[PDB]
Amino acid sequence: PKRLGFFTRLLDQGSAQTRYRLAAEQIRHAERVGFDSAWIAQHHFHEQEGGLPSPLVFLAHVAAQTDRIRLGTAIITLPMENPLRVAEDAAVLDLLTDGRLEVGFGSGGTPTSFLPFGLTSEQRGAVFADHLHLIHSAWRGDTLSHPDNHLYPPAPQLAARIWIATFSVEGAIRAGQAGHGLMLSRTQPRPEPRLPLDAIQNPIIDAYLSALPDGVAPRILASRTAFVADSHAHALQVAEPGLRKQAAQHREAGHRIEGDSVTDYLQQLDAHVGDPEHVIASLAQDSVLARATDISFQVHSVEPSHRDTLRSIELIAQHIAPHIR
């Protein structure tokens, strides 16, 4: 029985205050139409990468506006953090949400964004592991550099709700060995530019599952791009600009893509765009979704209006969800 999620990087058109108000309304609407979970991504210094450097602060605000929907980070860029303060903020936040928090961590990011935080991008893997260990130790209630110091508020329940974003078989084994959740990206570079995404991610799931300890339920988030509209032509119209932009970034990043057509972009950038009938059919071709415990949907790729996002949320809940829950 799979959980359905709404994912946002907070990229709507407008000032940051407007982005935050539109994201909050989008999460509230997702809850209202029966989504199980909301996920928000952290991004620093770049209005076009994401609008939110402070996911724990924003989720505290949305928590007060919601009641049932679970609230998660996808992800906190842990190498770019003081890990003890993250531990405290998450410990407090989970209490304020009444147990709805999900803590997803990741290591990656734009190389120049690491510099303000006292490290380089080549150090991200080692720093991530150290920070994760510190956080786990704090939530467990170990002493913190002095026998008078223990984390307050306590958070023994939070270690069980850690998720790790990874792109690799090795990252998935480390997550599985620890009993953590696996977070799969909306898209990944190909080894063969036309390979389907499930050809890429099923080996990742395989390695994760084989590494779990006995007794740990698998947790697999499959995050996907979807933009659904009542008119199939409208959905393709909306997506064309954002998809061309995404294609240009993929090529400048050293990854080739065969073609210039929208249909070529939808396949190679893993964007499920159209009316409900067409989005159900493309999603059905992705065999990862049958293996995942949580499926999340984001417009990104696409830059729809706020109201078109509200409608996409509704259409996904009404027509998509029965096929994938």
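Heads up: residue numbers just count along the shown sequence, starting at 1.
Unmodelled residues of the deposited sequence between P203 and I204: none, the chain being continuous. Just going by the entry, 251-259 versus 94-102 on mean CA temperature factor gives the higher value to 251-259. A summary of the deposited B-factors shows that, of 301-309 and 19-27, the stretch with the larger mean C-alpha value is 301-309.
By the numbers in the PDB entry, the CA B factor is greatest at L236 among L151, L236, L78, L221.
If you compare the C-alpha temperature factors of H180, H136, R244, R85 in the entry, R244 comes out highest. Annotation for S37: C-alpha temperature factor in the lowest third relative to the rest of the modelled chain, per the entry.
Looking at the C-alpha B-factors along this chain, the one for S287 belongs to the middle third. When the modelled residues of the chain are ordered by C-alpha B-factor, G108 sits in the highest third. When the modelled residues of the chain are ordered by their C-alpha B factor, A199 lands in the highest third. For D142, the recorded CA temperature factor ranks within the lowest third of the chain's modelled residues.
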